[PDB]
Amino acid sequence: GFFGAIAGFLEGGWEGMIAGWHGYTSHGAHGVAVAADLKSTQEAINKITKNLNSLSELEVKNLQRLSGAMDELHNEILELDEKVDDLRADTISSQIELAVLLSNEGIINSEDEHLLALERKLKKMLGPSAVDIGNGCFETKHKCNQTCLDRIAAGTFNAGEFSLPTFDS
């Protein structure tokens, strides 16, 4: 979105990253590698699930008949009661429309934040020998084929596997 567009991220569909919504690409001699992150997704799915649950809690008074207003005697009251029913139904409908739209604006926007997080996960595990572009990308001092890239998506990557420095916790 607006962030990615400005700060030169790629409006890149990577078809083939299938196990997930977000992950990594990888680039060089081997061509291009693609991996999804099975956490950034579960995470994105969790948020949405909880949002569904929140959208579902809202309770609103039943909206029934006037017990004392009679069908042929009190039609002018009965009309005003219809108007009331209608307006209620319209007001709460509009509110729900507003709640959900906000929900969607969030969910959709959250996207680039995942990307931004995914990148910090990468920065760490690539080590200090790597170079952070700003792109969302890292220039590395070693090759990264599909197997390499998959160890990243798992978080089982180690710089040093290609003898290069490491941050350890």
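Start at 1 and count along the sequence shown; that's the residue number.
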Got a sec? Mean C-alpha B-factor, which is higher, 69 to 77 or 90 to 98? 69 to 77
Can you let me know which of the two, 102 to 110 or 131 to 139, has the higher average C-alpha B-factor in the entry? 131 to 139
Please rank the C-alpha B-factors of the chain's modelled residues and tell me whether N53 sits in the lowest, middle or highest third. middle
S40 - Cα temperature factor, lowest/middle/highest third of chain: highest
Of the three thirds of its chain by CA temperature factor, lowest, middle or highest, which one includes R120? lowest
